[PDB]
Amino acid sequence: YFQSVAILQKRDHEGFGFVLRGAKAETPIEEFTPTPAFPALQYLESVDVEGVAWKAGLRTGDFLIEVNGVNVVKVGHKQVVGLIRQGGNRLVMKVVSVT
């Protein structure tokens, strides 16, 4: 996987245009060991072809490493969603991707 950074800016009532997927904090995230093939707990299940994230170059399969400066490699699903939500209309993400 290769790292990239995307800065997403949206309007109040739209989304950023992706579905996030990964393990909830009730799984033993304390035991998660990143590997090259599975480098972070949360990844992109889909990216809306009409949306902000698509235009920033994000694609299905990208693994989420950082949200607004906070590393999320070993962070549970609902907690990562909360970190994204708290940024409002701007999201600075770092991901690792097959391309």
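When you see a residue number, it is the position in the sequence shown, counting from 1.
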Which of 75-83 and 11-19 has higher mean CA B factor, as the PDB entry lists it: 11-19
Is the Cα B-factor recorded for residue 48 in the lowest, middle or highest third of its chain? middle
Hey, what third does residue 54 fall into on Cα B-factor, ranked over its chain? middle
State the tercile, meaning the lowest, middle or highest third, of residue 70 with respect to the CA B-factors recorded for its chain. middle
Assert third(CA B-factor, residue 93) within chain per record equals highest
